[PDB]
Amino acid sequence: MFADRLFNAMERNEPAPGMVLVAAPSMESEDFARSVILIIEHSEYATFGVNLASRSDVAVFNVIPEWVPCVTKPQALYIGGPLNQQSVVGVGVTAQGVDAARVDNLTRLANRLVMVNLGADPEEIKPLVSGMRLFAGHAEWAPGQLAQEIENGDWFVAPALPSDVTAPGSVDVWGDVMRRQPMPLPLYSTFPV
């Protein structure tokens, strides 16, 4: 859904870092079906995001073991998207006390969500985050293309929460995000099966 008519009285949230793009129920492509894509960069150059909804079977230990102590369970790489799947992004939730504007190795997305520079010392970062997840690959939108897709009803733009990034592996991330949205969106949400 996410037809234009949904927004006659209610206004669309604008894409920005820290928003999630929630896949329309009707999206069928294997790479994007039931995805929840956290926007991590939104610029004149392009929009970049990582899917939060798709865990892989690759343990973080086998790729960057040094980061394992900072990673929220399950400590597996999540599949961020179809591009550059050998490249890894860290998304963290800042700990109490932390302002990402004053920590060079953290980049504020919105609220407590940050991109963690994986070149940092994990021992530096550990006290500064309450949770973190690693994503292999990403999704990209050319300039203007995300807007076009939103207008077509492909995505619903919603604020991300820390729990979207730190969710246990038993969770239906797409379903949980749909349940937070205005009616009628919860009517199309799903539970783990």
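For every residue, the number given is its place in the sequence shown, counted from 1.
- Averaged over their C-alpha atoms, the temperature factors of 109 to 117 and 76 to 84 are higher for 109 to 117.
- Note on 29 to 37 vs 164 to 172: mean CA B-factor is higher in 164 to 172.
- Of the residues listed, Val129, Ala136, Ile64, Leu52, the entry assigns the biggest Cα temperature factor to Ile64.
- If you compare the C-alpha temperature factors of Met10, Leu185, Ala23, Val177 in the entry, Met10 comes out highest.
- Per the deposited record, the Cα B-factor of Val58 falls in the highest third when ranked against the other modelled residues of its chain.
- Compared with the other modelled residues of the chain, the Cα B-factor recorded for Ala95 ranks in the lowest third.
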